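Since the structure comes first, as C-alpha cells, the remarks are kept for the end.
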Amino acid sequence: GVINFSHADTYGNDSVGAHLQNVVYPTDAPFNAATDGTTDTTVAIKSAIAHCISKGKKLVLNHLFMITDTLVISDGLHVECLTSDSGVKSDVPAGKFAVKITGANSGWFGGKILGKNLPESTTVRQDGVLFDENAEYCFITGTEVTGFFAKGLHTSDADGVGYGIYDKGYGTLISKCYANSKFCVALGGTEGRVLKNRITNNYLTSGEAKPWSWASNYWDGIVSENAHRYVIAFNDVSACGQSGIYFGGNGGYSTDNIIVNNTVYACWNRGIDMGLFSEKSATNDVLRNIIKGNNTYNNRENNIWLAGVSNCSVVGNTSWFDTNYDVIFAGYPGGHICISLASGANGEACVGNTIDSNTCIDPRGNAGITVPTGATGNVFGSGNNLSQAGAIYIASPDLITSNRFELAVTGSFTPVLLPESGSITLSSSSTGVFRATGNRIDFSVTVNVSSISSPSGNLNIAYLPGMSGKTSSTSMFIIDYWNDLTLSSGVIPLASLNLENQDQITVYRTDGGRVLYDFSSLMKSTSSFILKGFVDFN
Amino acid sequence: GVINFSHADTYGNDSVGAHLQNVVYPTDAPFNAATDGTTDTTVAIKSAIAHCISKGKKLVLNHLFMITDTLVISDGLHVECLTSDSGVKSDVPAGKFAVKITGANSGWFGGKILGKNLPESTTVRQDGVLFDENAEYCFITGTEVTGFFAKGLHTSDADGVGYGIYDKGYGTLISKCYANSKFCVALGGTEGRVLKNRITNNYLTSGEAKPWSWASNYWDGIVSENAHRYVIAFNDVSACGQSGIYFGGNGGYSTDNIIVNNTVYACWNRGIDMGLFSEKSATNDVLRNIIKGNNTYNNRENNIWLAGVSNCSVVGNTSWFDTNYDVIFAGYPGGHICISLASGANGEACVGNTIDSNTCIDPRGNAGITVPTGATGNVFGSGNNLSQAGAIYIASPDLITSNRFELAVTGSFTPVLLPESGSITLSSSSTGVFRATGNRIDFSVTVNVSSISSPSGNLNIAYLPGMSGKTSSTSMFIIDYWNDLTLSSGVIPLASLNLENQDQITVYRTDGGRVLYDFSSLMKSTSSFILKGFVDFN
Amino acid sequence: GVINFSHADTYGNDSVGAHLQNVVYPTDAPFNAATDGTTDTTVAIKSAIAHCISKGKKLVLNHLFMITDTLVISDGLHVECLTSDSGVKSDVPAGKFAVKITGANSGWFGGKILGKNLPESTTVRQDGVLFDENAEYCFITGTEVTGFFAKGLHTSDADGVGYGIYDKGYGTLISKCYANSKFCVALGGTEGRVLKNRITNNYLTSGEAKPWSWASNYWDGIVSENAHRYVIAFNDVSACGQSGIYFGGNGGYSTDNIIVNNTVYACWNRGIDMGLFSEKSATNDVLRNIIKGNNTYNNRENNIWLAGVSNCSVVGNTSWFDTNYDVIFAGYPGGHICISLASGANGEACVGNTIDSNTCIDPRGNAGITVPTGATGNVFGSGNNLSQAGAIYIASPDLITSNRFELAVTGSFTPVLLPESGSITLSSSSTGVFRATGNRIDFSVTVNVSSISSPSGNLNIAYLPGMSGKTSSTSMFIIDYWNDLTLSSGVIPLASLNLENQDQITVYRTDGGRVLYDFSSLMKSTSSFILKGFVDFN
C-alpha cells in the first residue's frame with residue numbers, strides 16, 4: 001500500500017513524484033486506463049497523449065489497449081510500447097485509421113497495432129497506421145501492424161481501404177516492422193525509408209477462393225502511387241495476393257525511388273512491379289527508379305516487371321524460378337519470366353531503361369529477359385547472365401537499332417536482289433542471318449537464284465533488319481563463295497554498304513584498275529553467292 | 001531511508017509502486033541480485049525473467065551480472081541493458097550458451113555478453129548467444145559479445161564450440177554489435193539481417209603460434225551453413241583466423257544470401273569465401289548468393305573466393321592488395337588473387353556465376369580474376385576493370401566457348417593443315433592467335449609450310465580453340481598474304497568456315513565465275529599464307 | 001507533496017529510491033537543473049554526467065537545456081533525450097563544441113543539439129558535435145543538430161569552424177539525424193557509418209547574396225578529408241551551398257569509402273564530389289571509393305565529379321537533369337554534366353576508375369560522361385545508358401588506347417600516304433573514321449589523291465588514332481573500292497597492318513602465287529581507294 005501518485009498533481013523538484021512524472025503510463029492517474037484488453041481505453045489514451053504533448057513528457061503504453069477512435073500522435077510525440085505485447089487493438093470504424101502520425105519527428109516504437117483480422121468478412125473495413133501529409137521525419141519502428149482488411153474495393157478513403165501502413169509524409173521511416181493487411185504498406189509520400197521489414201498478407205495460406213479477382217482481400221505487399229525518393233531496402237516480401245513491391249502509374253507520378261537488397265518471392269502477381277495502368281500524363285508516370293541487388297523468385301506473373309516505364313534501371317539482381325512454382329501456383333499458371341519489359345496498359349513504350357549484370361535462372365528455358373515492340377532507348381548489358389535461362393527475346397527485329405543489345409540478339413531474314421533493270425528471283429533456300437552486338441550487326445547472306453527476267457546494271461541485296469533509314473560509321477563486307485556467275489578470269493565480286501539506303505548492300509566487281517557496277521548483267525538463273533560482313537551503325 | 005518496494009507486492013493502480021512495477025531491475029526485490037560482479041546472480045535473473053514474462057513487464061539489467069547457467073529469453077521478452085557496461089559475464093559450462101533467445105520477437109539491447117576470454121586455454125570451452133530454431137523475428141542490437149573460445153574442434157555442439165553469436169532462427173536481426181570469438185558469428189537460419197557490426201577475432205595480434213591449423217582458437221568472422229536469404233551489410237570484418245564471410249558447402253545448403261557494402265580485410269583465409277568442402281548434394285551446396293559493392297583487401301588466401309558454387313554473382317566490388325600484405329602475412333604467403341574461381345573440394349564445377357563491374361588492383365600483376373578448367377555458364381563482364389592488376393587468367397582455351405568472356409581473353413595455338421589427300425607439314429614458326437570477346441572469336445593464323453607429301457584436293461586449317469563441335473551464326477575470313485603458291489594470274493585464295501567441323505577453316509580459290517576446292521594441289525614445300533577473320537559462335 | 005529524493009543519498013536495496021537511482025534526470029537533486037530553457041545549466045549537467053559515469057547509471061535529458069561549455073560524453077556514457085524536444089541549446093563560444101563524444105561506446109540518442117543559427121552574423125562562430133580521435137564505436141542517432149555557423153573561413157579549429165557533426169573517431173555511427181550547419185557533417189575518421197540522415201544547409205532559401213564565395217556560411221553536406229572505410233548510405237542530401245557528398249584531396253588521404261543508395265540533389269557545387277585540390281602525395285589522395293546505386297540530379301557544377309582520383313568506381317547510379325535546373329540556378333549556370341572526369345587541380349590524372357551501368361539523362365544533350373586528356377586505365381562499361389543524354393565525350397583520340405571504352409567512341413582523322421620513295425598528296429576530301437569498342441578499333445579510310453611526285457615502292461596509310469607504338473593480337477583489312485589505279489587484269493589490292501609501326505596499314509597487291517609491295521608505283525594523280533577493317537590492339 002504505497003504512496004498515491006498522479007500526473008495531475010504538482011510536486012516539488014526534489015520529489016519522487018517529479019521524477020516519476022517524466023514517464024506517463026495510461027494506467028497512471030488521472031488517466032486510469034483499463035488493463036483487461038476489452039474495456040475501451042480511447043478516452044484515457046487520448047488524455048495521456050494530450051498531457052504528454054502539453055507537458056513535454058514520454059508516453060509508454062504498458063498494455064494492449066482496446067481503442068475505438070483514431071489516436072493522433074502529433075507535435076513530435078513518441079509512443080513507446082513497454083513490451084512487444086503492448087500497443088493497441090483497434091475497433092475503429094471504417095473510414096478512420098487506428099493511429100495517425102503527423103507533425104515533425106512524431107513516431108511509434110515497438111509493440112502491436114492490431115485490426116480485427118477478419119479477411120473473410122464482407123462487412124468489416126479498417127485501416128491501420130496513417131502518416132498524413134503533414135508528417136515530417138516521422139517513424140514507426142519495431143511494430144507488428146496486422147489484421148486491417150476490407151473485402152471489395154473502396155470508392156474513396158472514407159469507405160475504409162485495408163491499409164496496414166499508409167505513408168503520405170516526408171521522410172517517414174518504416175523499419176523493423178511486420179506489416180500484414182490487404183495492402184500491407186502503401187507509399188504516397190516523399191523521401192521515406194522502408195527498411196528491414198517483414199511484409200506479407202499470406203495469400204497462399206489464406207483459404208480465400210481462387211482465382212484472384214478485384215474482390216480479394218489480399219493485394220500488394222508495397223503499393224506505391226505518387227511515391228518519390230523512397231529507399232526500400234532489406235525487406236522480406238512474400239506470398240502477397242498481388243505484387244510484392246509495386247509502383248504506378250495508376251493515378252500516381254512515382255519517381256526516383258531506390259529498391260535494393262530485398263527478397264521478393266511467391267507473390268500472386270509480380271515480384272517487383274513498375275508499370276502504367278492509367279494513361280501516361282504529367283501526373284501519371286513511373287520514372288527513374290533503381291532496382292538493384294534484389295533476389296526475386298517464383299512470382300507468378302513475372303519476377304521483375306516493367307510496363308511502359310522510363311529511365312528505370314534493373315542492375316545486379318538475381319531473378320529465378322524452380323519447380324516449386326508449379327506447386328504453389330498449381331491451376332493458375334502465369335508468365336514465368338525473370339525480367340520482362342512490356343507496353344503500358346494503353347500502349348506506352350518502355351523508354352530509356354537500363355538492364356545489366358542480372359543473373360536469370362529459368363529451368364523451363366523461358367527467355368530470361370523479354371523486350372516488346374515499341375521499346376526505345378533501352379540498353380541490355382552484356383553483363384547479364386542468361387546461360388541458365390532462355391536467351392533474351394525480342395518481339396521484332398527493328399528493336400536492334402532502336403535499343404542497344406550488348407547482350408547479343410540473333411535472327412534471320414529473307415533476302416531479295418534489286419537489279420537496276422529487270423528482275424531476279426531467289427529460291428526459298430536463300431537466307432540471311434544477323435547478330436546484333438551493341439551498335440554492330442554482323443551478317444551472313446546466302447543468295448541462290450531461281451529465275452531471272454532480263455536483269456542488267458547495278459545490283460543491291462536487301463533488306464538488312466533494323467537498318468532502314470539508319471546511317472553507319474563503318475562497315476565491311478566480302479563475298480567468299482560464288483557459283484555460275486558470268487565472270488572473266490581475274491574478275492572477283494566486291495560488296496559495299498549502299499550509303500544512300502543503308503539497309504542495302506551494293507554488289508559489284510573488279511575491272512583491273514577500276515570497279516564496275518554491272519553485276520546484274522553477270523547473273524544467271526542458277527547463280528549463287530554468299531556475303532559476309534558487319535555494319536557499325538549510328 | 002525511503003519506502004520499501006517489491007515486484008511481489010500488490011499495489012493500487014494510483015500508487016508509486018504500480019508505476020514502478022512496469023520496469024524490473026534484477027536488484028529489486030524479490031530478486032535481490034548481487035551487484036559486486038562476482039557473486040552468482042543466475043537465480044535472481046532467471047526469476048526476474050520469468051516474472052517479466054508472466055506479468056508483461058520490461059526487464060532492465062543494471063549491472064554486469066555473473067551467471068553460471070543459460071538465460072532463456074523467450075515469449076517476446078526484451079532484455080534492455082541500462083548502460084554499455086551492463087549485461088552478463090558468463091561462467092556457463094561447455095555445451096551450453098550464455099544466453100538463448102527463442103520465441104516471437106524476443107531480444108536483447110545493448111550492454112555486454114562476456115565469456116572467459118582465455119583463447120590459450122586447452123580446456124575452457126564456451127558459447128555466447130544462441131537464437132534457436134524456434135526464434136522468429138528475434139534480435140540482438142548494440143551488444144559486445146566477446147570472449148567465447150574453445151581450443152580444438154568439437155565433435156558435437158555438446159562439447160562447446162566457441163560461437164560468439166549462433167543464429168538458427170527465422171528473421172533474426174544482429175545489428176550494431178561487436179562480435180569477437182572463435183567463430184564470431186555463425187548463421188544457420190533463414191531471412192536474418194546481419195547489419196553494421198564489427199566482426200573480428202584479432203588473429204594477427206593474438207600471439208597464437210603459426211602456422212594456422214585446425215587446432216586454432218581463431219576461425220571465421222561469419223561462418224554459414226544452411227543459411228538462406230540473409231542480408232549481410234555494412235559490417236567491418238577483419239583480421240580473422242580464417243575467412244571474413246564464409247558460406248558452405250560443408251554440411252550446409254546455403255542459398256539466396258545478399259552480401260553487400262561490407263569491408264573485409266586482413267583475414268588469414270579468404271575475404272568473402274563461398275565454396276563446397278563436402279561433396280555436392282541436395283543438402284550441400286552454395287547457390288544464388290549476391291556479392292555486391294564490397295571493399296575486400298589483403299586477405300591472405302584471396303579476397304573473393306568461389307569454389308564449386310553456382311548461380312552466384314560478384315558485381316561492383318573493389319578487391320585489392322598492397323604491400324602491407326607482405327608484412328602481416330610475412331612467412332605465410334597465400335594465393336593473393338582478387339577474385340578467384342575454383343573447383344569444389346571434390347572437383348565440382350563453378351556453374352552459372354556472374355562477375356561484372358569489379359575493380360581489381362594487384363601491384364604484383366597477379367591475374368585479377370582466375371577461371372579454372374571445368375567452369376561452365378559463367379559470364380565475365382567487360383565492365384570489370386583489371387587495368388591495375390594482371391589480366392583475367394583462364395586455365396584452358398576451351399573455356400572461351402563454355403563461358404562468355406566479355407572481358408576479352410587472348411591466346412595462341414599451333415595450326416595444322418588437313419589436305420584431302422596426302423600430307424602437309426608446317427614449320428614451327430606457324431602460329432595461331434585468338435581473342436574471344438563475348439560469343440565472337442577473332443583469329444590470325446600464319447601458315448609456313450616446311451614439307452609436303454603428295455598433297456591434293458581440298459584443304460582445311462585446324463583446330464580453332466574452343467570450337468570443336470560448336471556451331472556459328474556468321475563468320476568472315478580473308479587471306480591477306482601468301483607466297484610460293486601455284487596460282488595462275490587472277491586466281492586468289494578464299495577462306496570460309498567449315499560448316500561440318502566448325503573448328504576448321506576451308507581454304508580454296510577462285511576460277512572465274514566459280515570457285516575450286518583444290519588448294520592442296522597448289523601448295524609447295526615453301527608455301528606461306530596468312531588468314532584473318534572472326535567467328536560468331538552459338 | 002511526495003517523498004524527497006536525491007541521487008546523493010544512500011538507499012536500501014529494497015527501496016523506491018534505489019530503484020529510481022538507476023535513471024538520472026539533471027533536474028533531480030543534487031543537480032537541480034533549471035527548466036526555463038534560458039538559465040545556464042552547464043554545471044548541473046556536467047555534474048549529472050560525472051555522477052552517471054561514476055555510478056554506472058543512465059542519463060536522460062528531460063528538457064531543452066541551455067549550456068555555455070562543452071559537455072564531454074565519455075567512458076561509454078549514453079545520453080538519452082526524453083523527447084524530441086529535449087537536448088541542449090548551445091551558447092558555447094568559438095573554438096569549442098557543444099558536445100564532445102569520446103571513449104568506447106559513448107553516444108547520444110534523440111532530441112536536439114541547437115546552435116545560435118545566425119548565419120548572417122559576421123561574428124558568431126560555433127561547432128556542434130565532435131567525435132574526437134579517442135572515440136571508438138561511438139554514436140549519435142535520432143538527433144536534430146542544427147544552427148552551427150561561422151561566416152568566413154577559419155585559419156585553425158580554435159577559430160570555430162561551423163561543423164554540425166565532426167567525426168574523427170573509429171567506427172562512429174551517425175544515423176537518423178537531421179544535420180544542417182555550415183559544414184553539415186565532416187568526416188575525418190575510420191570505419192564510420194553515416195546512415196539514413198537528412199543533410200542540408202538550405203543554401204537555395206537562405207537569402208545569402210550570390211555569387212557563392214569562400215566567405216559563404218553554406219558549404220558541403222558531407223565534407224571528408226582523411227576519411228577511410230566509411231559507408232554513407234540512405235541519406236537525403238540536398239540544397240547545400242557547396243557539394244552534397246565530398247571527399248578530398250585537400251590535406252586528406254581518403255580511401256576505401258562506400259557511398260551507396262543516397263539521393264543527392266540541388267547542390268550549388270557537385271552532387272558526389274571526389275577530387276584533389278592540394279597536390280597528390282602519400283598523405284593527400286582519393287582512392288578506391290565506391291559510388292553505387294545513388295540518384296543524383298540537378299547539381300549545379302555536375303552530379304558525379306571525379307577530379308584526379310584513382311581506383312574509384314561509379315556503378316549503377318541514375319544521374320540526371322531537368323528544366324528545374326534553369327530555375328534554381330538562374331543567373332549562375334554551371335557544368336551540367338551527369339558524370340564528369342577531370343584532372344586534379346594540379347593536373348593529376350584520373351587513373352584506374354570504373355564507370356559502368358549508370359543511367360544518364362540530360363535533355364540539353366550534354367555528354368552524359370566526359371573524359372579528359374591524360375586519363376589512363378579507366379574502363380567505361382557498355383552497360384552505361386546515355387541514350388537520353390549526349391554520347392560519351394573524349395577530349396582527345398589517344399584516350400581510346402590508354403583506357404577501355406566498351407561504351408563505344410567514334411571519331412575521325414585525316415589520312416596520309418607514305419610512299420617508300422617520292423610523295424603522294426591527298427585531296428582534303430580524303431577521310432578516316434574510327435570507332436573504338438573495347439580493345440577493338442574499326443576503321444573506314446577514303447583515300448583520294450590530288451597530286452603525286454615520283455612515288456614508287458611500298459605504300460603505307462597513316463596515322464591510325466591511338467595506335468602509335470601499340471601492338472595488336474589480330475587485325476583484318478580489305479580494300480573494297482578503287483579507281484584509276486595502274487593494275488593489270490586480275491591484280492587486286494591487299495591491305496595488312498604494318499607490324500613495325502602499328503598505326504600504319506601497308507597497301508600492296510597480288511601477283512599470281514605471290515604478292516608485291518610496289519603499290520606506290522601503281523598510283524596516279526587521280527587514284528582513289530577505300531579501306532575497311534579492324535585492329536584488336538593490346
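Labels for the C-alpha cells follow display order: chains A, B, ..., residues from 1 in each chain, ligands from 1.
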
Exercise for the section: Find the residues in chain A near chain C: any atom within 7 Å counts, using only C-alpha atoms. Write them as a ChimeraX atom specification. Expected result: /A:11-17,19,57-58,76,105,231,256,258,315,352,354,356,377,379,381,473-476,490-491,494-496,511-515

Exercise for the section: Find the residues near residue 290 in chain C: any atom within 6 Å, counting only C-alpha atoms, skip ones fewer than 6 places away on the same chain, and give them as a list in words. Expected result: residues 258, 259, 312 and 313 of chain C

May I have the residues from that selection written out with C-alpha atoms, as a compact mmCIF listing (two decimals), in the first residue's frame?
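So the final result, stored in result_35.txt, reads:
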```
# COMPACT_ATOMS: atom_id res chain seq x y z
CA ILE C 258 31.35 3.23 -49.91
CA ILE C 259 28.73 5.82 -50.97
CA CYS C 312 37.24 4.62 -57.78
CA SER C 313 34.05 3.14 -59.17
```

For residue 179 in chain C, find every residue with an atom within 12 Å (counting only C-alpha atoms), except residues of its own chain fewer than 2 positions away, and show them as a tab-separated table (two decimals) with N, CA, C and O atoms, in the first residue's frame.
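result.tsv was written with the following content:
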```tsv
chain	number	residue	atom	x	y	z
C	112	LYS	N	17.67	17.18	-29.57
C	112	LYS	CA	18.13	18.35	-30.32
C	112	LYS	C	19.46	18.84	-29.76
C	112	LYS	O	19.67	18.85	-28.54
C	113	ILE	N	20.36	19.26	-30.65
C	113	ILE	CA	21.59	19.96	-30.28
C	113	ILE	C	21.61	21.21	-31.16
C	113	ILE	O	21.86	21.12	-32.37
C	114	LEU	N	21.31	22.37	-30.56
C	114	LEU	CA	20.93	23.56	-31.31
C	114	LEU	C	21.95	24.67	-31.11
C	114	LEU	O	22.16	25.10	-29.97
C	115	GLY	N	22.51	25.18	-32.22
C	115	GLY	CA	23.35	26.36	-32.18
C	115	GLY	C	22.54	27.64	-32.32
C	115	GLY	O	21.33	27.63	-32.51
C	128	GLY	N	29.16	22.06	-33.50
C	128	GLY	CA	28.14	21.29	-32.81
C	128	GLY	C	28.64	20.07	-32.04
C	128	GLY	O	28.88	20.15	-30.83
C	129	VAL	N	28.78	18.93	-32.73
C	129	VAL	CA	29.14	17.65	-32.11
C	129	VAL	C	30.49	17.22	-32.64
C	129	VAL	O	30.69	17.19	-33.86
C	140	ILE	N	25.74	8.92	-32.63
C	140	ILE	CA	24.64	9.86	-32.40
C	140	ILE	C	23.51	9.43	-33.32
C	140	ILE	O	23.74	9.20	-34.51
C	141	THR	N	22.31	9.23	-32.76
C	141	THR	CA	21.21	8.64	-33.53
C	141	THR	C	19.92	9.36	-33.19
C	141	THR	O	19.58	9.49	-32.01
C	142	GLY	N	19.20	9.81	-34.22
C	142	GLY	CA	17.87	10.36	-34.00
C	142	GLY	C	17.85	11.80	-33.55
C	142	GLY	O	16.84	12.25	-32.99
C	143	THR	N	18.90	12.57	-33.85
C	143	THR	CA	19.11	13.90	-33.27
C	143	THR	C	19.07	14.99	-34.34
C	143	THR	O	19.62	14.83	-35.45
C	144	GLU	N	18.47	16.12	-33.98
C	144	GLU	CA	18.47	17.32	-34.84
C	144	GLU	C	19.66	18.17	-34.41
C	144	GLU	O	19.68	18.66	-33.27
C	145	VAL	N	20.68	18.28	-35.27
C	145	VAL	CA	21.90	19.03	-34.98
C	145	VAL	C	21.91	20.18	-35.97
C	145	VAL	O	22.19	19.97	-37.15
C	146	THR	N	21.57	21.40	-35.52
C	146	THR	CA	21.35	22.48	-36.48
C	146	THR	C	21.91	23.76	-35.92
C	146	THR	O	22.05	23.91	-34.70
C	147	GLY	N	22.18	24.70	-36.82
C	147	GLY	CA	22.41	26.08	-36.43
C	147	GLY	C	23.82	26.44	-36.06
C	147	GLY	O	24.03	27.48	-35.42
C	148	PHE	N	24.82	25.63	-36.45
C	148	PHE	CA	26.23	25.93	-36.18
C	148	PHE	C	26.83	26.56	-37.42
C	148	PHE	O	26.91	25.92	-38.48
C	162	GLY	N	32.14	25.94	-37.77
C	162	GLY	CA	30.79	25.80	-38.30
C	162	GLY	C	30.41	24.36	-38.63
C	162	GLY	O	29.55	24.15	-39.50
C	163	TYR	N	31.05	23.38	-38.00
C	163	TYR	CA	30.66	21.98	-38.15
C	163	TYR	C	29.35	21.71	-37.44
C	163	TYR	O	29.15	22.16	-36.30
C	164	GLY	N	28.48	20.93	-38.07
C	164	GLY	CA	27.34	20.36	-37.39
C	164	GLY	C	27.78	19.15	-36.60
C	164	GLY	O	27.73	19.16	-35.38
C	165	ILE	N	28.26	18.10	-37.29
C	165	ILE	CA	28.84	16.93	-36.65
C	165	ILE	C	30.20	16.69	-37.31
C	165	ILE	O	30.27	16.54	-38.53
C	166	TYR	N	31.25	16.59	-36.51
C	166	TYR	CA	32.60	16.30	-36.99
C	166	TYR	C	33.07	14.99	-36.38
C	166	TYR	O	33.16	14.86	-35.15
C	174	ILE	N	26.49	7.63	-37.28
C	174	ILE	CA	25.68	8.84	-37.35
C	174	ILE	C	24.42	8.41	-38.11
C	174	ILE	O	24.50	8.12	-39.30
C	175	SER	N	23.28	8.33	-37.43
C	175	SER	CA	22.12	7.76	-38.14
C	175	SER	C	20.82	8.42	-37.71
C	175	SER	O	20.66	8.82	-36.56
C	176	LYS	N	19.88	8.51	-38.65
C	176	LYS	CA	18.55	9.07	-38.39
C	176	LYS	C	18.64	10.50	-37.82
C	176	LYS	O	17.79	10.92	-37.04
C	177	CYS	N	19.66	11.26	-38.21
C	177	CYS	CA	19.84	12.63	-37.72
C	177	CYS	C	19.39	13.62	-38.78
C	177	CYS	O	19.32	13.29	-39.96
C	181	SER	N	24.16	22.83	-41.03
C	181	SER	CA	25.16	23.75	-40.48
C	181	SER	C	26.06	24.15	-41.64
C	181	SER	O	25.87	23.71	-42.77
C	182	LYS	N	27.05	25.01	-41.36
C	182	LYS	CA	27.91	25.49	-42.46
C	182	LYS	C	28.55	24.32	-43.19
C	182	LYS	O	28.51	24.24	-44.43
C	183	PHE	N	29.15	23.40	-42.43
C	183	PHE	CA	29.56	22.09	-42.94
C	183	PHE	C	28.68	21.11	-42.18
C	183	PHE	O	28.89	20.92	-40.98
C	184	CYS	N	27.68	20.50	-42.85
C	184	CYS	CA	26.68	19.76	-42.05
C	184	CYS	C	27.31	18.59	-41.32
C	184	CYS	O	27.08	18.39	-40.12
C	185	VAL	N	28.03	17.74	-42.05
C	185	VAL	CA	28.73	16.59	-41.48
C	185	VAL	C	30.14	16.62	-42.02
C	185	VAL	O	30.34	16.82	-43.22
C	186	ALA	N	31.14	16.41	-41.15
C	186	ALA	CA	32.53	16.35	-41.56
C	186	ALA	C	33.16	15.04	-41.10
C	186	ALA	O	32.97	14.63	-39.95
C	194	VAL	N	27.40	6.42	-41.85
C	194	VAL	CA	26.59	7.62	-41.92
C	194	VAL	C	25.32	7.20	-42.66
C	194	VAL	O	25.32	7.11	-43.89
C	196	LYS	N	21.01	6.99	-43.30
C	196	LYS	CA	19.61	7.46	-43.26
C	196	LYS	C	19.48	8.78	-42.51
C	196	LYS	O	18.58	8.97	-41.68
C	197	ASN	N	20.34	9.73	-42.88
C	197	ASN	CA	20.27	11.09	-42.35
C	197	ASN	C	19.65	12.04	-43.37
C	197	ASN	O	19.61	11.76	-44.58
C	198	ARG	N	19.13	13.15	-42.86
C	198	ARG	CA	18.70	14.27	-43.67
C	198	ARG	C	19.78	15.33	-43.54
C	198	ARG	O	20.06	15.80	-42.43
C	199	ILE	N	20.39	15.71	-44.67
C	199	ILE	CA	21.56	16.58	-44.66
C	199	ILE	C	21.32	17.75	-45.61
C	199	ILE	O	21.17	17.56	-46.82
C	200	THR	N	21.28	18.97	-45.05
C	200	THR	CA	21.14	20.14	-45.91
C	200	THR	C	21.50	21.38	-45.10
C	200	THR	O	21.24	21.42	-43.89
C	201	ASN	N	22.03	22.41	-45.77
C	201	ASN	CA	22.01	23.73	-45.13
C	201	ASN	C	21.14	24.73	-45.90
C	201	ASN	O	21.16	25.93	-45.60
C	202	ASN	N	20.32	24.26	-46.82
C	202	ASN	CA	19.28	25.10	-47.45
C	202	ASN	C	19.85	26.41	-48.00
C	202	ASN	O	19.29	27.49	-47.80
C	220	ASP	N	29.52	22.28	-47.67
C	220	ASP	CA	29.07	20.95	-48.09
C	220	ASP	C	28.10	20.28	-47.11
C	220	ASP	O	28.05	20.59	-45.91
C	221	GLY	N	27.33	19.31	-47.64
C	221	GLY	CA	26.54	18.44	-46.80
C	221	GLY	C	27.47	17.52	-46.02
C	221	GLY	O	27.45	17.46	-44.78
C	222	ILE	N	28.32	16.79	-46.75
C	222	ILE	CA	29.34	15.93	-46.14
C	222	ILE	C	30.69	16.35	-46.71
C	222	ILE	O	30.89	16.33	-47.93
C	235	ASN	N	21.09	8.36	-47.23
C	235	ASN	CA	20.91	9.77	-46.84
C	235	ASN	C	20.16	10.55	-47.90
C	235	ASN	O	20.16	10.20	-49.08
C	236	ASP	N	19.52	11.63	-47.46
C	236	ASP	CA	18.78	12.57	-48.31
C	236	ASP	C	19.60	13.86	-48.23
C	236	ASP	O	19.52	14.56	-47.22
C	237	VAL	N	20.39	14.16	-49.25
C	237	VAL	CA	21.36	15.26	-49.19
C	237	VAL	C	20.98	16.29	-50.25
C	237	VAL	O	20.98	15.98	-51.44
C	238	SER	N	20.66	17.53	-49.85
C	238	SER	CA	20.20	18.43	-50.89
C	238	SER	C	20.45	19.89	-50.55
C	238	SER	O	20.68	20.24	-49.40
C	240	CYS	N	22.67	22.11	-50.74
C	240	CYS	CA	23.81	22.58	-49.97
C	240	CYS	C	24.54	23.71	-50.71
C	240	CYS	O	24.50	23.84	-51.93
```

Exercise for the section: Using only C-alpha atoms, determine which residues lie at most 8 Å from residue 243 in chain C, disregarding the query and same-chain residues fewer than 2 positions distant; provide the list as a ChimeraX atom specification. Expected result: /C:219-222,240-241,245-246,267-273

Produce a file of the selected residues containing N, CA and C atoms, as a short mmCIF file (atom, residue, chain, number, x, y, z; two decimals), in the first residue's frame.
```cif
data_model
loop_
_atom_site.label_atom_id
_atom_site.label_comp_id
_atom_site.auth_asym_id
_atom_site.auth_seq_id
_atom_site.Cartn_x
_atom_site.Cartn_y
_atom_site.Cartn_z
N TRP C 219 28.48 25.58 -46.86
CA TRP C 219 29.39 24.73 -47.62
C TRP C 219 28.74 23.34 -47.79
N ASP C 220 29.52 22.28 -47.67
CA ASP C 220 29.07 20.95 -48.09
C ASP C 220 28.10 20.28 -47.11
N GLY C 221 27.33 19.31 -47.64
CA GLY C 221 26.54 18.44 -46.80
C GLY C 221 27.47 17.52 -46.02
N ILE C 222 28.32 16.79 -46.75
CA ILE C 222 29.34 15.93 -46.14
C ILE C 222 30.69 16.35 -46.71
N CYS C 240 22.67 22.11 -50.74
CA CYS C 240 23.81 22.58 -49.97
C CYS C 240 24.54 23.71 -50.71
N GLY C 241 25.27 24.52 -49.93
CA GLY C 241 26.00 25.64 -50.54
C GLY C 241 27.20 25.22 -51.35
N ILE C 245 28.12 15.43 -51.21
CA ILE C 245 28.99 14.46 -50.55
C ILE C 245 30.37 14.62 -51.17
N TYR C 246 31.34 15.11 -50.39
CA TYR C 246 32.65 15.46 -50.91
C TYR C 246 33.76 14.70 -50.20
N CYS C 267 22.43 20.76 -55.18
CA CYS C 267 23.56 21.40 -54.51
C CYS C 267 24.21 22.43 -55.42
N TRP C 268 24.84 23.43 -54.81
CA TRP C 268 25.39 24.54 -55.59
C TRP C 268 26.74 24.22 -56.21
N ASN C 269 27.46 23.23 -55.68
CA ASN C 269 28.68 22.75 -56.34
C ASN C 269 28.36 21.41 -57.01
N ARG C 270 28.93 20.29 -56.56
CA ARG C 270 28.67 19.00 -57.20
C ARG C 270 27.78 18.13 -56.31
N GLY C 271 27.25 17.05 -56.89
CA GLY C 271 26.46 16.14 -56.07
C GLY C 271 27.36 15.28 -55.23
N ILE C 272 28.00 14.30 -55.87
CA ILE C 272 29.01 13.47 -55.23
C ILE C 272 30.33 13.87 -55.87
N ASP C 273 31.26 14.34 -55.04
CA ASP C 273 32.41 15.15 -55.45
C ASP C 273 33.67 14.48 -54.89
#
```

Exercise for the section: May I ask for the distance between CA of residue 159 in chain B and CA of residue 193 in chain B, given in Å to one decimal place? Expected result: 28.0 Å
